[PDB]
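Student: Everything below, folded, please.
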Amino acid sequence: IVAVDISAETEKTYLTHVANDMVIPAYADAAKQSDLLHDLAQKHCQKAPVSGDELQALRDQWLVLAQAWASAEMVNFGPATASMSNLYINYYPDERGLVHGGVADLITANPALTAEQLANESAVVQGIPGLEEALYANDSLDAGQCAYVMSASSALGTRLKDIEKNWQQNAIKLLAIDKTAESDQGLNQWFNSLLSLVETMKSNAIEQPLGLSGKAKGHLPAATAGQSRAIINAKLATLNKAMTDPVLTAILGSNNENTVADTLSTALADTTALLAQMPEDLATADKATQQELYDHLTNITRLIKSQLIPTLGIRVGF
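Tutor: Numbering: from 1, shown residues only. Pasting the structure now:
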């Protein structure tokens with residue numbers, strides 16, 4: 001229960017490294033992937049209806065984008081939460097299945113939909129789950145469905161670039177980088193954000209949709225695409241990148257608390273190895289294997305709350 005000593009300068013340097021090497025690149029990558037999805041849709045929709053190889057390429061690029069945003073979700077505060085932009089980006093959980101019915105109604109009502117028009121439409125009919133629904137509704141995209149995919153990926157691109165620009169401008173204020181000498185506000189928010197990533201993942205994405213504790217509630221991420229394993233893997237790899245980061249392991253490895261970084265690294269590697277032997281759609285896995293995945297995720301939250309957070313001298317909960 002002995003907390004390591006972190007200087008105001010070491011903390012400032014770590015938080016600056018987190019903004020520049022993890023937060024800003026994750027948002028930049030999600031924006032880049034949304035731009036590539038838009039550009040591919042703009043190209044293929046000139047020869048509408050879109051099917052075969054062209055529709056598969058749009059579906060494959062949607063997954064690359066869904067994986068990039070899953071990684072960017074390691075941050076649960078700041079610009080991504082402004083004017084609930086994150087729900088316009090990824091409306092999840094969707095316990096009442098509002099995305100499915102809304103997207104089709106919107107396309108019927110607006111066959112010549114524009115990206116700007118979606119700003120006044122609900123968050124439920126756009127973003128990553130909106131695009132998923134439009135790309136997986138049929139084995140063909142007609143003129144109206146084509147206009148939606150271009151509008152939604154364009155509106156998504158604009159929101160992601162605005163978040164990236166906001167972090168580039170206000171990183172110091174957002175992570176209290178200049179106030180490390182008086183408070184650990186930045187370090188506390190950052191690790192509680194990482195804890196929230198695995199907590200909302202094991203609860204909303206694993207326990208509840210697979211009905212491990214009781215009756216099933218909600219859906220797995222990428223349920224329509226059947227690519228839940230790819231979403232959980234992207235989140236695990238991002239958490240592993242943060243936990244096995246040499247800058248952080250040096251902060252933890254000041255005494256005998258070097259065992260904290262070793263136990264977290266081993267636990268993340270075991271979860272990744274277990275996920276790799278499961279199917280593309282985690283819902284089609286055995287009930288015992290799904291329970292094993294939940295148990296591994298519960299052990300990671302345990303290690304963060306009881307070993308990582310007290311060693312860093314911060315608190316469970318923001």
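Student: switch to C-alpha atoms for all contacts and neighbour counts from now on
Tutor: Will do.
Student: tell me the centre residue of this structure?
Tutor: Centroid-nearest residue in the chain, with C-alpha atoms, centre = their mean: residue 70, separated by 2.1 Å.
Student: and the host helix or strand of that one, which residues are buried?
Tutor: In the assignment (DSSP states H and E), residue 70 maps to helix 52-72. In terms of neighbour count (16 or more other C-alpha atoms under 10 Å), helix 52-72 has its buried residues at 54-55, 58-59, 61-72.
Student: what do you get for stretch 121-138?
Tutor: By neighbour count on 16+ other C-alpha under 10 Å, the buried set for stretch 121-138 is 123-135, 137.
Student: what about that stretch, how long is it end to end?
Tutor: End-to-end distance of stretch 121-138 (C-alpha to C-alpha, to the nearest Å): 23 Å.
Student: Spell out the residue ranges of the helices in the stretch 101-250 of the chain.
Tutor: Secondary structure of the stretch 101-250 of the chain, counting by DSSP state H, counting those that start in this stretch: helices at 127-136, 143-174, 185-200, 208-210, 228-243, 246-252.
Student: could these go into a markdown table alongside distance to residue 45?
Tutor: A markdown table is the format used below for these (distance: least, C-alpha to C-alpha, whole Å):
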| stretch | distance to residue 45 |
| --- | --- |
| helix 127-136 | 12 |
| helix 143-174 | 6 |
| helix 185-200 | 36 |
| helix 208-210 | 35 |
| helix 228-243 | 27 |
| helix 246-252 | 45 |
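Student: Single out the most deeply packed of those.
Tutor: helix 127-136 (a mean of 24; mean count of other C-alpha atoms under 10 Å).
Student: quick one: contacts of that helix?
Tutor: Around helix 127-136, the neighbours that count as contacts under C-alpha atoms under 8 Å, 6 or more residues apart in numbering are 55, 58-59, 62, 65-66, 87-92, 99-100, 103-104, 124, 141, 145, 148-149, 152-153, 155-156, 222, 224-225.
Student: Same check on stretch 231-251?
Tutor: Stretch 231-251 has contacts (C-alpha under 8 Å, 6+ apart) with 4, 6, 14, 66-68, 70-71, 73-74, 194, 197, 201, 221-222, 258, 261, 264-265, 268, 272, 275.
Student: Could you rerun that using 6 Å?
Tutor: For stretch 231-251, contacts defined as C-alpha atoms under 6 Å, 6 or more residues apart in numbering pick out 67, 70-71.
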